[PDB]
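First to last, the sequence lines map onto chains A, B, C and D. For the record, in the first sequence the residue sitting at position 129 is 129 according to the deposited numbering, with numbers rising by one throughout. For the record, in the second sequence the residue sitting at position 343 is 343 according to the deposited numbering, with numbers rising by one throughout. For the record, in the third sequence the residue sitting at position 216 is 216 according to the deposited numbering, with numbers rising by one throughout. For the record, in the fourth sequence the residue sitting at position 256 is 256 according to the deposited numbering, with numbers rising by one throughout. Down below is the structure, laid out as structure tokens.
Protein chains: 4
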Amino acid sequence: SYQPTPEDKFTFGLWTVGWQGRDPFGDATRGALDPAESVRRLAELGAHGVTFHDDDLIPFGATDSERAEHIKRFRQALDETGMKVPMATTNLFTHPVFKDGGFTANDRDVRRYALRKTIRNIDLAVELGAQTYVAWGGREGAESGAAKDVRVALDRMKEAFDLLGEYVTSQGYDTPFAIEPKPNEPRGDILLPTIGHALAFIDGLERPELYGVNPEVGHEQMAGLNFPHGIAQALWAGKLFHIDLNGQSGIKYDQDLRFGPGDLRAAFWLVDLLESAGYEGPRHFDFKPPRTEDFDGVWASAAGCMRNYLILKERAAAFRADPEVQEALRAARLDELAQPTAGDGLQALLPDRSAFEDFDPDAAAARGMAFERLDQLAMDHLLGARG
Amino acid sequence: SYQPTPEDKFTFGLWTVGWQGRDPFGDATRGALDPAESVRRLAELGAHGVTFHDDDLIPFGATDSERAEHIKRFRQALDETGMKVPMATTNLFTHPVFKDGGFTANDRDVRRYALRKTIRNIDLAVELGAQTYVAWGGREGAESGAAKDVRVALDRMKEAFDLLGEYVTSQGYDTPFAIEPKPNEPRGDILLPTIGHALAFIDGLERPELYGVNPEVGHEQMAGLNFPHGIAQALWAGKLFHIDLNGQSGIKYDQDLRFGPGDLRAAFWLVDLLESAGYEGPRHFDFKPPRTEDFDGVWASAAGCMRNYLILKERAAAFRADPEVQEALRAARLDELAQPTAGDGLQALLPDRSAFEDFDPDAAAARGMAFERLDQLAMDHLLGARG
Amino acid sequence: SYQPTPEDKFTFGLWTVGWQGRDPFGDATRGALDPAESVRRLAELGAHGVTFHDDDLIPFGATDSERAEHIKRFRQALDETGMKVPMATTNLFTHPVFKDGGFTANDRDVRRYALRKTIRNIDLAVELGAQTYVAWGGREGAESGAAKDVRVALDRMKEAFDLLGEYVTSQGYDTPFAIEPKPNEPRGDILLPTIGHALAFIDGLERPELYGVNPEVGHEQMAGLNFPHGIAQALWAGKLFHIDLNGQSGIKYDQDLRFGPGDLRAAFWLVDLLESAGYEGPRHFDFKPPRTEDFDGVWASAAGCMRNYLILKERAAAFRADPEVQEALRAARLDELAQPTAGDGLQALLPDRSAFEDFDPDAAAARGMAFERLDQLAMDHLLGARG
Amino acid sequence: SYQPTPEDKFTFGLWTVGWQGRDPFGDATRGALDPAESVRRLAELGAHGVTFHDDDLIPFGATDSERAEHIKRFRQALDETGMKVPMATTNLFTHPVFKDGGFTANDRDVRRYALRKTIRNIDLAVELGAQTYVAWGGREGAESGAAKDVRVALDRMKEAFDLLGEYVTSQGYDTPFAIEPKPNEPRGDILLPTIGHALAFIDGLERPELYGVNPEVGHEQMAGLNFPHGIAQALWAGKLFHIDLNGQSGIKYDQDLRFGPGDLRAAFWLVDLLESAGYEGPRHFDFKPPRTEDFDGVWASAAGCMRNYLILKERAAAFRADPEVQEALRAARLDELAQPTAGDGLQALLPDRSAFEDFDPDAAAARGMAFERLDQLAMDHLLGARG
Ligand SMILES: [Co+2]
Ligand SMILES: [Co+2]
Ligand SMILES: [Co+2]
Ligand SMILES: [Co+2]
Ligand SMILES: [Mg+2]
Ligand SMILES: [Mg+2]
Ligand SMILES: [Mg+2]
Ligand SMILES: [Mg+2]
């Protein structure tokens with residue numbers, strides 16, 4: 001069977017299995033969950049670690065006394081379980097004060113508070129052993145055109161992240177930042193909507209090396225984009241610092257279904273890529289057990305997240321191992337793709353008559369790509385109607 | 001009234017007003033147009049210049065004798081009209097040989113031919129005075145997962161553009177490249193699908209300064225993204241080298257409607273941004289007169305493209321000039337957005353008690369953003385129910 | 001100027017201007033509003049009437065004593081204002097018990113309770129003078145395939161509505177039902193997702209005459225459909241019993257922006273159609289003032305809803321009145337469209353040689369539709385760069 | 001293994017395996033295919049029959065002499081193969097004359113020609129044994145608002161179909177019509193965009209019994225809708241007369257991928273429904289082998305269409321047969337869903353205290369739907385990590 005073990009690197013945020021089910025049109029259908037219990041319940045399931053928003057661990061506005069009380073209880077569950085905290089993030093979207101964003105709110109004082117709120121939780125994150133600190137600017141954006149001048153908003157966003165990089169370097173912390181993009185929801189349009197926009201923005205920072213991305217399956221799909229393709233570009237750039245796994249059934253509200261659900265073929269191609277690419281980071285699940293479920297459903301859902309990954313991992317390995325497939329790849333010229341286009345140089349290429357002058361486009365066009373047989377073999381493997 | 005003059009910088013590609021109306025489910029509904037005639041007809045309309053794909057000017061496979069004959073006729077119409085050729089591009093998507101792409105085709109020989117085909121047209125482009133050379137990788141992508149290894153495909157894409165940069169520098173040409181992104185169509189998923197992905201890829205090139213982007217209104221909207229926001233990020237990065245204007249009515253096939261049509265409010269915010277940002281490049285129209293039209297409709301459509309821009313330009317200027325609006329902006333704190341978040345520095349910010357310790361989130365949250373009044377004023381101006 | 005008066009038929013639901021701003025990722029940013037105050041504030045704005053969910057007027061679980069107390073206060077504000085209550089609806093989506101729907105919940109007892117909850121509020125609705133009772137099955141649907149057998153779910157949906165029709169007829173009430181479709185959110189997929197599905201389902205009811213539809217601008221657009229086209233089919237069928245006006249910026253979560261915002265051209269074509277079609281029902285606004293606003297923004301937003309309609313109404317009238325347009329319509333053959341295709345009959349048509357045998361397709365194909373000039377005139381009128 | 005046999009009812013249109021690969025941005029990549037050869041090649045593959053557009057079998061404008069010559073050759077291949085022709089349709093979208101549609105073109109003479117063109121092919125269809133005649137109004141719609149008055153267009157559409165019903169009845173033919181909906185492409189918006197709109201329109205015809213729908217997987221998904229849900233409503237109405245199977249990877253241009261590709265989970269739920277519902281019509285494949293393929297790819301793709309259906313059929317049967325699943329269904333109350341809500345009647349329900357008065361919503365709300373375990377079992381079966 002497919003049993004998960006901490007070696008599998010499966011992590012969950014406290015806000016996932018702890019989602020009470022409140023949605024824009026309804027009230028919670030599940031009671032609150034104590035962080036400590038989530039950690040032990042997740043450990044029992046085979047999880048490798050957990051993640052958290054500051055507000056998930058410590059109630060907003062809690063006093064220094066209560067705060068410390070909340071971390072101790074949390075620390076005790078981790079210690080007794082050996083559960084890791086590989087990632088932490090800040091909540092800059094729930095409280096009304098962040099209604100127009102945190103780092104890019106028009107009000108300067110909210111921006112300052114947002115930075116101070118973030119820095120406090122970074123200290124905590126490092127203390128617990130977190131290697132990656134995630135930022136999701138869910139409230140950074142607008143619903144109308146003049147409410148936000150994006151050029152200047154980007155200036156403020158850069159200022160915030162540059163300030164965070166200075167802090168982290170001045171303290172000598174060994175932690176990196178990962179920007180998690182999202183096209184929209186809760187704002188009409190969110191700034192840095194996709195993996196590409198985030199990657200591009202990162203290269204305009206004072207210390208680009210400290211920042212990367214934490215893409216989420218469902219978010220890129222909310223833009224109708226190809227997640228695995230997006231992930232490939234992030235890997236090609238050396239910026240996949242983390243990743244959120246879940247399911248989305250197309251362009252609509254952020255569903256946050258359990259991994260495997262939604263676009264199944266995309267999930268297969270994602271796993272194929274992550275494993276074949278050698279990604280060594282956590283396989284984090286940012287999902288939400290549907291509000292139709294009780295606590296038995298919450299864990300059954302959480303378990304489903306890892307099982308599907310393990311099953312998909314097996315099918316992908318089988319797929320690539322298959323000699324029939326390797327032959328199918330050669331037939332489609334996947335090997336010629338890896339060959340430099342002009343390893344001989346520009347000049348040589350310019351004097352190469354068989355590259356233009358003596359080239360027969362019609363003859364080359366007649367070559368079938370043989371992509372379909374290859375895809376059907378991929379399908380056979382996924383359905384297990386073969387390895 | 002709103003009359004266009006060459007000073008307005010309105011340009012058109014030969015393939016726009018020259019589209020015969022062939023679509024995936026139908027045959028042409030208009031006869032071929034001679035480039036020379038388009039140039040004169042466009043000049044009469046007030047256009048500033050024209051653009052072209054190599055295959056638009058010279059028939060594919062044409063001999064050196066016929067080729068020269070085609071350019072001469074074209075050159076004669078330009079000379080007599082004083083029409084400029086500010087941009088040129090290559091056609092690497094129509095011929096069957098490019099069925100799997102040009103720069104990223106699995107077949108190495110097609111990739112070489114693609115580069116040679118491009119370099120030839122660059123020479124021509126410079127000869128005609130083109131300052132920007134556009135690249136739209138319409139065939140670079142895939143319909144199935146294993147048909148293309150995106151990491152290596154990106155390597156090939158980088159190789160191609162780096163080779164193009166070497167060539168352009170070795171010849172001392174004063175011309176820049178602009179990548180035109182598109183999410184999908186004709187391929188299931190196209191590489192560098194949005195402005196963000198293109199911007200990010202550019203910073204991985206050997207000579208980033210030579211490359212920028214040529215975004216198209218309808219393309220970003222095919223991903224459901226906010227075009228003006230995307231344009232702002234391109235401007236913030238100093239990469240808006242060119243721009244294609246048109247209309248799209250949502251997420252579906254590439255419509256290429258005339259500018260103004262489709263998302264009208266977005267067109268207003270785009271114009272507002274371009275003018276207020278001081279963009280000084282061509283206002284290029286990559287549209288397609290619907291195939292329901294005759295030649296009278298083709299020019300009426302082309303004329304509509306510029307009129308709408310002129311009308312939108314007027315409304316935007318009026319909008320920003322309006323003192324009632326300037327007051328509305330201050331009320332929404334658009335001015336505080338331009339104020340550095342921590343001009344006093346990190347240390348000072350860390351010791352600022354009124355930024356966290358003595359901050360009252362509830363009191364600040366109570367402040368209305370007053371975004372709606374601002375938006376309704378924007379609406380009033382657009383409909384001319386005011387300036 | 002454009003001032004609204006009760007004669008304009010502008011109505012608002014209590015849940016609109018009364019939305020506290022709680023969203024899936026945040027807490028309310030506005031305090032509760034007393035129904036009585038909304039009625040007086042809306043009356044002052046020029047509204048014609050208001051609508052309500054049972055739970056909007058009476059707190060869920062309220063005792064018969066408190067209930068009566070809540071209706072009296074509400075009744076007093078109406079009486080003193082002369083405000084009408086043309087429509088009422090039930091809330092079968094907020095309480096956890098409706099997590100799997102009301103009429104189509106798998107649990108039979110929840111279905112019964114849902115019917116009883118609805119019937120109670122129908123009595124109240126009639127008592128206040130409501131002519132239309134709206135049903136929005138926001139929770140009727142699923143997130144996974146086997147969780148719901150749609151054929152049987154439809155059987156249960158039909159049973160519920162048939163039961164409602166029997167009740168309404170047995171009591172002799174003069175009230176009709178309007179089904180409000182929505183593609184998704186809060187459920188992964190909602191049953192009767194569009195105007196078409198609702199219309200089709202209605203004809204399978206025992207008493208079709210009693211049911212029609214209450215389409216919402218943003219909902220059909222969440223499916224990427226053409227609202228005005230959808231509205232036309234509902235009118236053609238004689239089923240547009242009501243209508244919800246608002247704005248949506250494309251395929252994403254239900255934004256519920258103020259009318260005019262979102263797809264502006266669609267709003268123009270909608271108004272053109274409603275007025276030219278002679279729709280005589282309320283112009284109901286089911287929108288949500290953005291949570292970035294305070295109470296000043298809430299009313300400014302509400303006011304914007306009516307102003308935009310009045311401005312659009314003017315532009316449409318001007319557009320159709322314009323003789324230049326009437327000439328443009330004839331040029332596009334909008335008049336031939338109204339001519340029966342075969343008023344002479346089938347037999348005659350079969351013996352008509354000029355309909356096939358002697359028909360010249362090429363000659364007819366050469367005729368331009370002249371749709372662009374017509375559209376640009378429509379644009380000129382909308383921007384007021386003309387009547 | 002999964003071998004197809006004529007008993008499987010797999011049919012293909014000549015235009016599918018015969019697509020030359022011409023797309024909006026490219027030229028054909030495959031040569032023409034002779035109908036006769038397709039029939040024999042498909043028969044060899046295990047197909048049950050074929051379908052055709054009039055223009056697919058007989059070249060447009062062909063003389064009565066050539067026409068007869070084309071049908072004879074076609075008839076010979078069928079006879080020798082024993083291949084059936086269960087469905088036929090008309091091509092009213094390719095020729096320029098249909099640029100504004102057929103049945104709803106503004107020009108009355110084009111509408112007449114469209115009807116005459118259709119009637120001719122109906123005669124042929126019946127002669128070959130076709131039981132269903134499909135209509136896809138690909139050109140019926142618009143790109144701009146005033147170019148088409150949808151109310152009157154619907155009148156013309158109704159007139160056309162009513163005329164077709166009169167003809168078919170006057171001749172005593174035993175053939176039914178199936179409307180194939182599509183949201184957009186090639187027109188900006190197509191009339192009767194979804195299954196629902198088509199179903200609703202059908203009930204406004206003079207002889208509703210003669211008409212049903214021929215939904216296509218990819219088309220409903222172009223609107224982001226749930227195909228299986230749509231199919232369920234068509235079945236519930238007794239209108240699923242035919243069905244087109246294929247794949248689509250989300251909201252974008254009509255891909256027409258091979259069945260199984262695109263939304264795989266949806267394909268599983270579709271097959272589950274068709275088989276469990278007892279649909280007895282052809283499993284028609286309206287797909288397009290990608291233009292990257294040669295003829296070897298064309299048949300490999302065609303074969304993939306049936307294999308995937310056979311594999312999915314097996315997995316669905318296994319899924320429902322599984323006792324663990326049957327137990328999971330009961331746990332989710334799928335059985336209570338089949339129980340009448342008020343089998344006891346309205347009056348009894350009104351006097352039932354345990355349906356409202358004595359009902360405990362909170363207690364009922366606490367019941368988990370147990371939908372996730374059920375879905376994960378569905379997943380296990382699909383991946384074959386179980387039956
Ligand atoms: Co999410
Ligand atoms: Co385009
Ligand atoms: Co809504
Ligand atoms: Co199709
Ligand atoms: Mg996430
Ligand atoms: Mg373009
Ligand atoms: Mg509504
Ligand atoms: Mg079809």
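Don't be surprised by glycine CBs; every beta carbon is placed ideally from N, CA and C.
> Closest by CA to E209/C, which one among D189/C, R187/C, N226/C and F177/C?
Replying inline: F177/C
> What's the gap between the Cα of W236/D and the Cα of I202/C?
Replying inline: 13 Å
> Which residues mark the beginning and the end of the alpha helix (DSSP H) in which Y167/D is found?
Replying inline: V150 to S170
> Going by the beta-carbon positions, is the gap between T118/C and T90/C smaller than 8 Å?
Replying inline: yes
>> With a threshold of 7 Å (Cβ to nearest heavy atom), would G218/A be considered close to ligand 1?
In response: yes
> Does the pairing of the region 340 to 359 of chain B with the region 268 to 279 of chain C give three or more beta-carbon distances under 8 Å?
Replying inline: no
>> My output table needs one value for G188/C: the three-state DSSP class, helix, strand or coil.
In response: coil
> Do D362/B and ligand 2 come close, with the Cβ less than 7 Å from some heavy atom?
Replying inline: no
> Does DSSP put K313/B in a helix, a strand or coil?
Replying inline: helix
> Is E180/B near ligand 6, judged by its Cβ being under 7 Å from some heavy atom?
Replying inline: yes
>> Out of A62/C, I251/C and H48/C, which one is the CA nearest neighbour of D8/C?
In response: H48/C
> Under three-state DSSP, which class holds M87/C?
Replying inline: strand
> So which residues on chain C does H95/A lean against when the C-beta distance must stay under 8 Å?
Replying inline: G26 and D27
> From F241/C to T132/C, what does the alpha carbon distance come to, in whole angstroms?
Replying inline: 7 Å
>> Closer than 7 Å to a non-hydrogen atom of ligand 4 - does that hold for the CB of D286/D?
In response: yes
> From what residue to what residue does the alpha helix (DSSP H) around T11/C run?
Replying inline: Taken as a continuous stretch (DSSP letters only), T11/C belongs to no alpha helix (DSSP H), being part of the beta strand (DSSP E) at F10 to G13.
> List, in order along the chain, the chain C residues whose C-beta lies closer than 7 Å to that of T194/A?
Replying inline: Ordered by position in chain C, no residue passes the 7 Å Cβ test against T194/A, which lies about 14 Å from the chain.
> Taking 7 Å as the line, does the beta carbon of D189/D fall inside it for any heavy atom of ligand 2?
Replying inline: no
> Using a beta-carbon distance cut-off of less than 9 Å, what residues from the region 126 to 144 of chain C approach chain D?
Replying inline: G141, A142, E143 and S144
> Which residues of chain D have a Cβ atom closer than 8 Å to the Cβ of residue 405/A, listed in chain order?
Replying inline: The requested residue 405/A is not part of the displayed model; chain A covers only 1 to 387.
> Closer than 7 Å, Cβ to any Cβ of chain A: which residues of the region 101 to 123 of chain D, in chain order?
Replying inline: none
> With a cut-off of 8 Å, does the C-beta of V217/A fall near any C-beta of chain B?
Replying inline: no
> So with Cβ pairs under 8 Å, would you call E166/C a contact of chain E?
Replying inline: This model lacks chain E altogether, as its protein chains are A, B, C and D.
> Could you give the C-beta distance for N226/C and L334/D, rounded to a whole number, given that I count them as a contact under 8 Å?
Replying inline: That pair is no contact at about 37 Å.
> For the alpha helix (DSSP H) that contains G230/C, what are its first and last residues?
Replying inline: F227 to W236
> Do you know how far the Cα of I311/A is from the Cα of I231/A?
Replying inline: 20 Å
>> Rounded to the nearest angstrom, what separates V271/B and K252/D at their Cα positions?
In response: 27 Å
>> Taking 8 Å as the threshold (C-beta atoms), are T29/B and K158/D in contact?
In response: no
> Which bits of chain D does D149/C rub up against, with CB to CB less than 7 Å?
Replying inline: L334 and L337
> Among the residues of its own chain, which have a CB less than 7 Å from the CB of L163/A, if the five just before and after it don't count?
Replying inline: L115
> Taking 8 Å as the CB-CB cut-off, is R156/B touching chain D?
Replying inline: no
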